[PDB]
Engineer: 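My questions all concern the structure below.
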Amino acid sequence: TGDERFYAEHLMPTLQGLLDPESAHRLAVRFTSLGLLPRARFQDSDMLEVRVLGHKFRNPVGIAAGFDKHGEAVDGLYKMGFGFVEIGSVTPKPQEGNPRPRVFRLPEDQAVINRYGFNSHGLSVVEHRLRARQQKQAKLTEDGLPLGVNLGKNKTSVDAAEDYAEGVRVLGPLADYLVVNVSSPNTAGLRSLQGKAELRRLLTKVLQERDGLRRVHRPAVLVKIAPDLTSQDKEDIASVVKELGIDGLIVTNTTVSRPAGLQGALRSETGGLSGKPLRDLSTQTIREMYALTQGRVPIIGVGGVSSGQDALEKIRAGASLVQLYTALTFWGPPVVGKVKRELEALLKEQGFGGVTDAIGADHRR
Ligand SMILES: Cc1cc2nc3c(=O)[nH]c(=O)nc-3n(C[C@H](O)[C@H](O)[C@H](O)COP(=O)(O)O)c2cc1C
Ligand SMILES: CN(/N=C/c1ccccc1C(=O)O)c1nc(-c2ccccc2Cl)cs1
Ligand SMILES: O=C(O)c1cc(=O)[nH]c(=O)[nH]1
């Protein structure tokens, strides 16, 4: 509570005054990679444990893709108190991404806009980085701290499906789950991989490559979607996910929309918008996808989570797990313990025995 206020009121506003957002992001990854973090003194209650995607999750609060793009800070993120870590997006070949500046703060909106453009060390570098800690990760996973890997595609690739297939082959064996991110707003054409006969063809190839891995090295496969889909796109995705036995959905990526009421000077920058203005658009997308999949497809809920109330709203809408990113940039590492403490308190107040009991509760009212 002391360092929650110190981080929110003094340290983060001081860092944002001294460093542009991408510099601050880079420094945050370096500090995290060295374990230079405040005490994550919140101890996970049994109430927070979730069993989904073939794994135990000690707590349902994960770090979303895009913070640790290149798998440099995984151990530091568990030390921060995340129940699970997602690295990436990782592209087959190394690529630089967009020219700088490409990350923009909207302080008045508690939002960020980014157009990183899948800056990636590439699969080989990330493969060797995860191999160096593979057994340490096996023990973390067994102790309820799973690892996800988010797979992207290179800007100049002539075959999107083959880029994802390469990622399944190279990083699948090192991951508890993989994510096919057909929802970055910052690679031309990527989101059109969300339409039907082509999405079926893409996901069929990804699942075949996954099913070709040895049993102990066989990850869950999730599809990560945009909040910007049409009703037709969402019904098509739900249909294909059920038909192919996709293991879960991540709902949602950043929005290319600009909700009415943004105040930030940088609101008209090109890129994906994250944080508070995405929150309820994300929650509503979770609700719709949970209904279209009859509650049979696990959802990881993400977009504008900054409190236990935000986490519980996504859980009651249909999420089994949640992720956050943008809240960490505003409030720093103490926001993780804050979300967990508030979520545990709210579950008790609303008469839930644990997270599991709350999943999709709004659909049963
Ligand atoms: C700076 C930045 C970089 C991101 N890069 C990625 C990415 O590489 N892959 C991805 O799937 N999502 C990426 N995202 C999206 C987040 O994973 C998340 O879906 C989105 O930001 C909503 O969560 P939030 O409001 O808690 O930040 C990125 C988000 C931000 C803010
Ligand atoms: C600056 N910052 N992230 C910044 C950041 C990251 C991504 C995008 C934008 C920004 C931004 O500045 O607008 C963090 N710092 C930590 C952190 C990590 C370890 C120890 C102490 C801290 Cl405060 C986590 S995220
Ligand atoms: O630009 C990126 O790398 C990136 C940004 C974002 O918001 N989402 C994503 O999937 N990729």
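The first residue in the sequence is number 1, and the count goes up from there. Indexing begins at 1, ligand by ligand and atom by atom, following the structure's order. In what follows, every heavy atom counts, from backbone to side chain, and hydrogens, waters and symmetry copies are set aside.
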Engineer: Give the residue, atom name and distance (to 0.1 Å) of the protein heavy atom nearest atom 7 (C) of ligand 1.
Structural biologist: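 Checking every protein heavy atom, the shortest distance to atom 7 (C) of ligand 1 gives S89 OG, 3.5 Å.
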
Engineer: What atoms of ligand 1 come within less than 4.0 Å of a heavy atom belonging to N150?
Structural biologist: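 So the atoms of ligand 1 that pass are 10 (C), 11 (O).
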
Engineer: What are the atoms of ligand 1, with element, lying closer than 4.0 Å to any heavy atom of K69?
Structural biologist: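 What qualifies from ligand 1 is 5 (N), 7 (C), 8 (O).
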
Engineer: Just go through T254, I225, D68 and tell me whose heavy atom is the nearest to atom 20 (C) of ligand 1.
Structural biologist: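 Ranked by closest heavy atom to atom 20 (C) of ligand 1, first place is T254.
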
Engineer: Salt bridge or not between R210 and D247? Use side-chain N to carboxylate O under 4.0 Å.
Structural biologist: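 Salt bridge: yes.
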
Engineer: Check ligand 1 against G88 and write out every atom of the ligand that is under 4.0 Å from a heavy-atom position of the residue.
Structural biologist: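 The atoms of ligand 1 under 4.0 Å from a heavy atom of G88 are 8 (O).
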
Engineer: Between OG of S184 and CG of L190, what distance do you get to the nearest 0.5 Å?
Structural biologist: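 Answer rounded to 0.5 Å: 6.0 Å.
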
Engineer: Would you indicate which of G66, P277, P21, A65 comes nearest to atom 16 (C) of ligand 1 when only heavy atoms are counted?
Structural biologist: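 Of the listed residues, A65 has the closest heavy atom.
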
Engineer: Which residue holds the protein heavy atom closest to atom 12 (N) of ligand 1, what is that atom called, and what is the gap in Å?
Structural biologist: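 Looking at atom 12 (N) of ligand 1, the protein heavy atom closest to it is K224 NZ, 3.0 Å.
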
Engineer: List, pair by pair, the atoms of ligand 2 and of the protein that are both N or O and lie under 3.5 Å apart, giving the separation rounded to 0.1 Å.
Structural biologist:
from: ligand 2; atom 1: 12 (O); to: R105; atom 2: NE; distance (Å): 3.4
from: ligand 2; atom 1: 12 (O); to: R105; atom 2: NH2; distance (Å): 2.8
from: ligand 2; atom 1: 13 (O); to: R105; atom 2: NE; distance (Å): 2.8

Engineer: Quick check on contacts: which atoms of ligand 1 are under 4.0 angstrom from a heavy atom of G275?
Structural biologist: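 Checking each atom against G275, I get 25 (O).
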
Engineer: Using a side-chain heavy atom cutoff under 4.5 Å and only I, L, V, M, F, W and Y, what cluster partners does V158 have?
Structural biologist: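 Hydrophobic cluster check, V158: no partners found.
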
Engineer: Is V179 in contact with ligand 1, taking contact as a heavy-atom separation below 4.0 Å?
Structural biologist: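 Contact absent.
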
Engineer: Could you tell me the separation between the NZ atom of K276 and the CG atom of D109, rounded to the nearest 0.5 Å?
Structural biologist: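 Interatomic distance, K276 NZ to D109 CG, rounded to 0.5 Å: 9.0 Å.
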
Engineer: Could you tell me which atoms of ligand 1, counted from 1 in the order shown, lie closer than 4.0 angstrom to a heavy atom of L278?
Structural biologist: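 Close to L278: 22 (C).
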
Engineer: Before accepting this row, confirm whether a basic side-chain N of the pair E288/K234 lies closer than 4.0 Å to the acidic partner's carboxylate O.
Structural biologist: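 Answer for the salt bridge query: yes.
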
Engineer: What orientation do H55 and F57 show, parallel under 30°, tilted 30 to 60°, or perpendicular over 60°?
Structural biologist: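 Geometry flag for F57 against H55: perpendicular rings.
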
Engineer: Report the part of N114 (side chain from C-beta onward, or backbone N, CA, C, O) that has a heavy atom under 4.0 Å from ligand 1; answer both or neither where that applies.
Structural biologist: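 Side chain only.
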
Engineer: Determine whether the side chain, the backbone, both or neither of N253 has a heavy atom under 4.0 Å from any heavy atom of ligand 1.
Structural biologist: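 Near ligand 1, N253 shows its backbone as well as its side chain.
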
Engineer: Is it true that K348 and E344 have a side-chain N and a carboxylate O under 4.0 angstrom from each other?
Structural biologist: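 Judged by the 4.0 Å cut-off on N to carboxylate O distance, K348 and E344 do form a salt bridge.
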
Engineer: Taking CD in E243 as the centre, count heavy atoms belonging to other residues, nucleotides or ligands within less than 6.0 Å. Is the count above 12?
Structural biologist: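 For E243, atom CD is crowded (more than 12 foreign heavy atoms under 6.0 Å).
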
Engineer: Using a strict threshold of under 4.0 Å (side-chain N to carboxylate O), is an ion pair present between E166 and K153?
Structural biologist: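 No, no charged N to carboxylate O under 4.0 Å.
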
Engineer: Classify the contact between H25 and ligand 1 as side chain, backbone, both or neither, using a heavy-atom distance cut-off of under 4.0 Å.
Structural biologist: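 The answer is neither; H25 stays 4.0 Å or more away.
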
Engineer: To the nearest 0.5 Å, tell me how far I113 CD1 sits from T326 OG1.
Structural biologist: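 Answer for the CD1-OG1 pair, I113 versus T326, is 11.0 Å.
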
Engineer: From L324 CG over to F330 CZ, what is the distance, rounded to the nearest 0.5 angstrom?
Structural biologist: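 Here the interatomic distance stands at 13.0 Å.
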
Engineer: Between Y325 and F67, how do the two ring planes meet: parallel, tilted or perpendicular, split at 30° and 60°?
Structural biologist: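 Perpendicular.
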
Engineer: Return the CG to CG distance between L292 and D236, rounded to the nearest 0.5 Å.
Structural biologist: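 Output value for this atom pair is 10.0 Å.
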
Engineer: Provide, to 0.1 Å, the distance between atom 31 (C) of ligand 1 and the closest protein heavy atom, together with that atom's residue and name.
Structural biologist: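 Its nearest protein heavy-atom neighbour is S274 OG, 3.6 Å.
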
Engineer: Salt-bridged, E72 to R30, with N to O below 4.0 Å?
Structural biologist: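 Judged by the 4.0 Å cut-off on N to carboxylate O distance, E72 and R30 do not form a salt bridge.
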
Engineer: Sub-3.5 Å donor-acceptor pair from the side chain of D176 to the main-chain atoms of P146, do we have one?
Structural biologist: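 No, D176 side chain to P146 backbone: no donor-acceptor pair under 3.5 Å.
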
Engineer: Roughly how far apart are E22 CD and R102 CZ, rounded to 0.5 Å?
Structural biologist: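 That separation rounds to 4.0 Å.
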
Engineer: Is there a donor in the side chain of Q134 and an acceptor in the side chain of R131, or the other way round, less than 3.5 Å apart?
Structural biologist: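 No, no side-chain donor-acceptor contact under 3.5 Å.
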
Engineer: What atoms in ligand 1 come closer than 4.0 Å to a heavy atom of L324?
Structural biologist: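 Those qualifying, in numeric order: 26 (O).
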
Engineer: Between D3 and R39, does any side-chain N to carboxylate O distance fall below 4.0 Å?
Structural biologist: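 Answer for the salt bridge query: no.
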
Engineer: Can you tell me the protein heavy atom closest to atom 19 (O) of ligand 1 and the distance?
Structural biologist: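 Result for atom 19 (O) of ligand 1: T252 O, 2.9 Å.
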
Engineer: Are any of the N or O atoms of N181 closer than 3.5 Å to those of ligand 1?
Structural biologist: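 Yes, at least one N or O pair falls under 3.5 Å.
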
Engineer: Using a strict 4.0 Å cut-off to heavy atoms of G304, name the atoms of ligand 1 that fall inside it.
Structural biologist: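 So the answer, numbered in order with elements, is 24 (P), 25 (O), 26 (O).
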
Engineer: Decide whether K196 and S239 meet the rule of one side-chain donor and one side-chain acceptor closer than 3.5 Å.
Structural biologist: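 Per modelled atom types, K196 and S239 side chains form a pair under 3.5 Å.
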
Engineer: So which of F104, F67, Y325, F118 gets nearest to atom 1 (C) of ligand 1, if we judge by its closest heavy atom?
Structural biologist: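 Checking each option, the heavy atom nearest atom 1 (C) of ligand 1 is found in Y325.
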
Engineer: Please, which pairs that meet salt bridge (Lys or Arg N to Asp or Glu O under 4.0 Å) have at least one residue in residues 308-317, sequence neighbours excluded?
Structural biologist: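 Of all non-adjacent pairs touching residues 308-317, those that pass salt bridge (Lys or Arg N to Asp or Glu O under 4.0 Å) are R279-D310, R316-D362.
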
Engineer: Heavy atom under 4.0 Å from ligand 1: found in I250's side chain, backbone, both, or neither?
Structural biologist: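 Neither part.
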
Engineer: Look at atom 23 (O) of ligand 1 and say which protein heavy atom is nearest, naming residue and atom and giving the distance to 0.1 Å.
Structural biologist: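 Answer for atom 23 (O) of ligand 1: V302 CG2, 3.4 Å.
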
Engineer: Which protein residues have a heavy atom under 4.0 Å from ligand 3?
Structural biologist: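 Ligand 3 pocket, heavy atoms under 4.0 Å: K69, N114, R115, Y116, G117, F118, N181, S184, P185, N186, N253, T254.
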
Engineer: Would you check the N or O atoms of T326, main chain and side chain alike, for any that come under 3.5 Å of an N or O of ligand 1?
Structural biologist: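 Yes; the residue has a nitrogen or oxygen that sits under 3.5 Å from a nitrogen or oxygen of the ligand.
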
